[PDB]
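Side-chain atoms are counted along with the backbone in the values below, which use heavy atoms only and exclude waters and symmetry mates. All residue numbers refer to positions in the sequence shown, counting from 1. Just follow the structure's listing: the first ligand is 1, and inside any ligand the first atom is 1.
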Amino acid sequence: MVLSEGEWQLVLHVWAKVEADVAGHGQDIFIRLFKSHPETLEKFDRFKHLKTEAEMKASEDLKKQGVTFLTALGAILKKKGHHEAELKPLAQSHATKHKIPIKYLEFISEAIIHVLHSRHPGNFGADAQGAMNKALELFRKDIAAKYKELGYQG
Ligand code: HEM
């Protein structure tokens with residue numbers, strides 16, 4: 001698939017707003033993911049013991065991981081589809097070390113969309129959401145293909 005420059009513009013415009021508060025958006029997205037799909041929290045050995053949203057908001061480790069996650073995603077989106085080099089180490093660790101199924105990448109995409117819709121309504125109208133969804137589908141398609149080459153493809 002290929003996004004048009006106009007679609008990338010819509011994606012990078014709202015992303016510029018997300019970058020004004022990287023740690024806060026990282027926390028919001030992880031919490032949304034963990035509340036909606038509790039099974040995903042089991043993948044994080046460091047903090048899978050957290051029981052409530054209050055504990056999640058208070059976790060320094062969760063916040064740190066949120067920033068690491070968002071910074072990596074931001075670097076990929078800024079490549080505008082030319083993310084082959086960035087995808088390699090990411091695909092290898094999530095398939096072989098962490099064992100993250102493609103379905104979990106769909107769940108986090110949903111959480112990213114929920115959070116941007118709540119925090120940035122004016123810059124996240126129907127067209128902008130369509131463009132963000134297209135960018136995330138592209139990322140998922142490419143990483144799934146990479147998983148397959150690596151021997152995981154789940
Ligand atoms: C847009 C998708 C994602 C991006 C860009 C991303 C990015 C990262 C980055 C950069 C790291 C640290 C380096 C590494 O281990 O590769 C990481 C670690 C990890 N990620 Fe992700 N990730 C994504 C999705 C997920 C999802 C959906 C899950 C789980 C349900 C997950 C679970 C983990 C785990 C368990 C680690 C290890 C954390 C630790 O070191 O304690 N990732 N991810």
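Counting atoms of ligand 1 from 1 in the listed order, those under 4.0 Å from a heavy atom of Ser93 are 14 (C), 15 (O), 16 (O). For ligand 1 and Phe139, the ligand atoms under 4.0 Å from any heavy atom of the residue are 1 (C), 2 (C). Residue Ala72 has at least one heavy-atom neighbour below 4.0 Å for each of these atoms of ligand 1: 10 (C). When each atom of ligand 1 is checked for a heavy atom of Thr40 under 4.0 Å away, the hits are 30 (C). Annotation for ligand 1: atoms under 4.0 Å from non-hydrogen atoms of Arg46 are 39 (C), 41 (O). Those atoms of ligand 1 that come under 4.0 Å of a heavy atom in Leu105, given as number and element, are 24 (C), 27 (C).
Residue, atom and distance of the protein heavy atom nearest to atom 35 (C) of ligand 1 are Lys43 O, 3.2 Å. What sits closest to atom 38 (C) of ligand 1 on the protein, heavy atoms only, is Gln65 NE2, 3.5 Å. Looking at atom 23 (C) of ligand 1, its nearest protein heavy atom turns out to be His94 NE2, 3.7 Å. Protein heavy atom closest to atom 9 (C) of ligand 1, with residue, atom name and distance, is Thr68 CG2, 3.9 Å. With respect to atom 7 (C) of ligand 1, the closest heavy atom belonging to the protein is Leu90 CD1, 3.6 Å. The closest protein non-hydrogen atom to atom 4 (C) of ligand 1 is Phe69 CD1, 3.6 Å. Nearest protein heavy-atom neighbour of atom 26 (C) of ligand 1: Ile100 CG2, 3.9 Å.
Counting only heavy atoms, the protein never gets under 4.0 Å from atom 13 (C) of ligand 1.
Atom CG of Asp61 is separated from atom CG of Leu50 by 8.5 Å, given to the nearest 0.5 angstrom.
By the 6.0 Å contact criterion, NZ on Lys99 is enclosed, its count of non-hydrogen atoms from other residues, nucleotides or ligands being greater than 12. More than 12 heavy atoms of other residues, nucleotides or ligands sit less than 6.0 Å from atom NE2 of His83. The local environment of NZ in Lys64 is sparse, with at most 12 non-hydrogen atoms from other residues, nucleotides or ligands closer than 6.0 Å. Other residues, nucleotides and ligands place more than 12 heavy atoms under 6.0 Å from the NZ atom of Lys141.
At a cut-off of 2.8 Å, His98 does not coordinate atom 21 (Fe) of ligand 1 through any N, O or S atom.
Residue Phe107 does not touch ligand 1, judged by heavy-atom distances below 4.0 Å. Contacts of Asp61 with ligand 1, taken as heavy-atom pairs under 4.0 Å, are absent altogether. When heavy-atom distances to ligand 1 are checked against a 4.0 Å cut-off, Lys97 has no atom that comes that close, whether in backbone or side chain.
For the pairing with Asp28, the salt bridge (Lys or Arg N to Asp or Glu O under 4.0 Å) check across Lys35, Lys57, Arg119 returns one residue only, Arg119.
Between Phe44 and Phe47, the ring-plane angle classifies as parallel under the 30° and 60° cut-offs.
The pair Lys80-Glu5 meets the salt-bridge criterion, since a charged nitrogen lies less than 4.0 angstrom from a carboxylate oxygen. Look at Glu19 and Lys78 and you find a salt bridge, because one of the NZ, NE, NH1 or NH2 atoms lies within 4.0 Å of a carboxylate O, short of that distance.
The aromatic ring centres of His120 and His13 sit 6.0 Å or more apart.
Which of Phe44, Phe30, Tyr104, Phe47 comes nearest to atom 31 (C) of ligand 1 through a heavy atom is settled by distance: it is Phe44.
Without hydrogens or angle criteria, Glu55 side chain to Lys51 main chain gives a donor-acceptor distance under 3.5 Å.
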Steps toward salt bridge (charged side-chain N to carboxylate O under 4.0 Å, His left out) verdict (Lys134, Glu137): CA-CA 5 Å; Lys134 196 163 168 183; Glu137 286 187 348; over 6 Å; no
